[PDB]
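The next block is work-v4.pdb, given as PDB, C-alpha atoms.
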```pdb
ATOM      1  CA  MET J   1     110.037  72.013  98.733
ATOM      2  CA  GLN J   2     107.869  75.074  99.432
ATOM      3  CA  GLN J   3     106.375  76.129  96.089
ATOM      4  CA  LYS J   4     104.213  78.960  97.477
ATOM      5  CA  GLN J   5     105.903  81.920  95.745
ATOM      6  CA  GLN J   6     105.499  80.375  92.257
ATOM      7  CA  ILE J   7     101.754  80.837  92.633
ATOM      8  CA  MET J   8     102.270  84.525  93.492
ATOM      9  CA  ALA J   9     104.352  84.994  90.339
ATOM     10  CA  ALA J  10     101.649  83.347  88.214
ATOM     11  CA  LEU J  11      98.906  85.451  89.820
ATOM     12  CA  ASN J  12     101.027  88.553  89.216
ATOM     13  CA  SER J  13     100.936  88.036  85.459
ATOM     14  CA  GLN J  14      97.248  87.058  85.487
ATOM     15  CA  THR J  15      96.111  90.141  87.422
ATOM     16  CA  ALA J  16      98.646  92.701  86.166
ATOM     17  CA  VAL J  17      96.571  94.906  83.844
ATOM     18  CA  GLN J  18      93.404  93.924  85.746
ATOM     19  CA  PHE J  19      94.634  95.590  88.929
ATOM     20  CA  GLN J  20      96.489  98.326  87.018
ATOM     21  CA  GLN J  21      93.205  99.731  85.705
ATOM     22  CA  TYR J  22      91.864  99.850  89.266
ATOM     23  CA  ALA J  23      95.050 101.316  90.729
ATOM     24  CA  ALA J  24      94.961 104.159  88.203
ATOM     25  CA  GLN J  25      91.452 105.049  89.425
ATOM     26  CA  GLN J  26      92.680 105.241  93.029
ATOM     27  CA  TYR J  27      96.086 106.916  92.616
ATOM     28  CA  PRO J  28      95.899 108.707  89.274
ATOM     29  CA  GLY J  29      99.178 110.250  88.137
ATOM     30  CA  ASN J  30     101.182 108.334  90.767
ATOM     31  CA  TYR J  31     102.654 105.333  88.979
ATOM     32  CA  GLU J  32     104.722 104.540  92.077
ATOM     33  CA  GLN J  33     101.671 104.369  94.364
ATOM     34  CA  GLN J  34      99.689 102.471  91.768
ATOM     35  CA  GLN J  35     102.376  99.766  91.941
ATOM     36  CA  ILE J  36     102.330  99.630  95.749
ATOM     37  CA  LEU J  37      98.553  99.255  95.701
ATOM     38  CA  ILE J  38      98.622  96.426  93.134
ATOM     39  CA  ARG J  39     101.236  94.647  95.258
ATOM     40  CA  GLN J  40      98.836  94.580  98.222
ATOM     41  CA  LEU J  41      95.822  93.621  96.055
ATOM     42  CA  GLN J  42      97.752  90.549  94.893
ATOM     43  CA  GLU J  43      98.654  89.606  98.472
ATOM     44  CA  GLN J  44      95.023  89.867  99.609
ATOM     45  CA  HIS J  45      93.972  87.869  96.538
ATOM     46  CA  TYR J  46      96.461  85.199  97.669
ATOM     47  CA  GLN J  47      94.492  84.780 100.910
ATOM     48  CA  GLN J  48      91.305  84.215  98.887
ATOM     49  CA  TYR J  49      93.192  81.821  96.608
ATOM     50  CA  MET J  50      94.268  79.766  99.637
ATOM     51  CA  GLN J  51      90.703  79.611 100.983
ATOM     52  CA  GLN J  52      89.513  78.480  97.559
ATOM     53  CA  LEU J  53      92.161  75.730  97.462
ATOM     54  CA  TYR J  54      90.925  74.377 100.801
ATOM     55  CA  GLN J  55      87.465  73.850  99.270
ATOM     56  CA  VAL J  56      89.026  72.319  96.139
ATOM     57  CA  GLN J  57      90.943  69.911  98.382
ATOM     58  CA  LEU J  58      87.700  68.760  99.992
ATOM     59  CA  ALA J  59      85.982  68.529  96.592
ATOM     60  CA  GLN J  60      88.648  66.114  95.408
ATOM     61  CA  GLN J  61      88.440  64.130  98.665
ATOM     62  CA  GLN J  62      84.674  63.579  98.394
ATOM     63  CA  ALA J  63      85.105  62.615  94.724
ATOM     64  CA  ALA J  64      87.376  59.763  95.864
ATOM     65  CA  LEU J  65      85.191  58.774  98.845
ATOM     66  CA  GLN J  66      81.693  58.792  97.270
ATOM     67  CA  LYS J  67      80.103  58.125 100.684
ATOM     68  CA  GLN J  68      77.378  60.622  99.841
ATOM     69  CA  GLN J  69      75.052  60.936  96.801
TER
END
```
Structure encoded using structure tokens:
Amino acid sequence: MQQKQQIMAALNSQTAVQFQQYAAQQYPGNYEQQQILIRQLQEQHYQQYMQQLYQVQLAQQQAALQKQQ
């Protein structure tokens, strides 16, 4: 089963107030637009999260292989 969206829900809670403070600096007074902005910030963060996981995958592979060091 595709568990991708669970990660987005977790990241939502983790970055909620973090991105809210930034969104308020960009769209002050517009709560609606602040929410739209945060939504996109989380999606772009998801791309970074996926790139990070690719490196983590390789880190775990080399830890099991030990054909270096």
Next item on the list: Using the chain letters and numbering of this document, enumerate as JSON, numbers by chain the residues selected by the PyMOL selection byres ((chain J and resi 7) around 12).
Entry: {"J": [2, 3, 4, 5, 6, 8, 9, 10, 11, 12, 13, 14, 42, 43, 45, 46, 47, 49, 50, 53]}
Each side padded by 4 Å, which centre and which edge lengths in Å (one decimal) define the axis-aligned box around the listed atoms of stretch 9-28 of chain J? Give them as AutoDock Vina command-line options.
```
--center_x 97.9 --center_y 96.0 --center_z 88.4 --size_x 20.9 --size_y 33.4 --size_z 17.2
```
Residue contacts of residue J:37 (12 Å, only C-alpha atoms) excluding same-chain residues fewer than 5 positions away, as a CSV table (one decimal) with C-alpha atoms, in the coordinates of the input:
```
chain,number,residue,atom,x,y,z
J,16,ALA,CA,98.6,92.7,86.2
J,19,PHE,CA,94.6,95.6,88.9
J,20,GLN,CA,96.5,98.3,87.0
J,21,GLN,CA,93.2,99.7,85.7
J,22,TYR,CA,91.9,99.8,89.3
J,23,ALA,CA,95.0,101.3,90.7
J,24,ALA,CA,95.0,104.2,88.2
J,25,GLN,CA,91.5,105.0,89.4
J,26,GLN,CA,92.7,105.2,93.0
J,27,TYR,CA,96.1,106.9,92.6
J,28,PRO,CA,95.9,108.7,89.3
J,30,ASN,CA,101.2,108.3,90.8
J,31,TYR,CA,102.7,105.3,89.0
J,32,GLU,CA,104.7,104.5,92.1
J,42,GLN,CA,97.8,90.5,94.9
J,43,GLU,CA,98.7,89.6,98.5
J,44,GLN,CA,95.0,89.9,99.6
```
Check: What does the distance from atom CA of residue J:54 to atom CA of residue J:36 come to in Å, to one decimal?
Finding: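 According to the coordinates, atom CA of residue J:54 and atom CA of residue J:36 are separated by 28.2 Å.
Of the listed residues J:48, J:57, J:67, J:41, the one whose atoms come nearest to residue J:18 is J:41, with distances taken using only C-alpha atoms.
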Margin query: Rounded to one decimal, what separation in Å do you get between atom CA of residue J:39 and atom CA of residue J:1?
Written below: 24.5 Å
